[PDB]
C-alpha cells in the first residue's frame, strides 16, 4: 500500500509524509464554502490485492493558520460529514486494487462571522491530515501524513 499526489510525490510502503499544494478560490463570502477537494490530489493503491485487503481511515485532521482562526470546518470522508478539526477517526474505506484510487477526502470551510480581509495567506500550512492504513493480513499500522498548503491568498469580503 502506497500513495501519491497529483504531481507524483509519493509516500511509500510503510508510510511517511508529503506536502500537497492546493489552489483555493481567491474570494469567499461569509455564507459560502471554500472547498478543498483532496480526492483530486491524493491517490492510493494496494500492492498485493491477490491476498491482502487494505483498510484506510482519516485518523485525524488538524487546522492551521487562517483556516484555524477564520473558518468553520467540515470534512467529508467517502461522502459522510464530520467536524474539522476532527474529533474521531473515521470509518475504514477498502483498497483492493493496484489501480490508483482517490483518497475520498474534501474540506468544506465556511468563514466565521469575525473573518474579514486576507483570511488565508499564500504559502501557509492550512491542514495536516493523517491517513491511517491497516489490513486484514498482518499487524501493519502505518500513517501517511499530508501537509496541505495554500498556493494563494484568500480574502473574505467585508
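What we label the rigid core is the largest C-alpha set whose atoms superpose within 1.5 Å from one form to the other. Numbering follows the first chain given and starts at 1.
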query: More shifted region, core-based fit in 9 other deposited structures of this protein, 6-14 vs 136-144 by CA; finding: 6-14
query: Greater mean Cα temperature factor according to the PDB record, 32-40 or 126-134; finding: 32-40
query: Which of 139-147 and 7-15 has higher mean CA B factor, as the PDB entry lists it; finding: 7-15
query: Residue with highest C-alpha B-factor in the PDB entry, from 106, 115, 63, 56; finding: 115
query: Chain-relative CA temperature factor third for residue 68; finding: highest
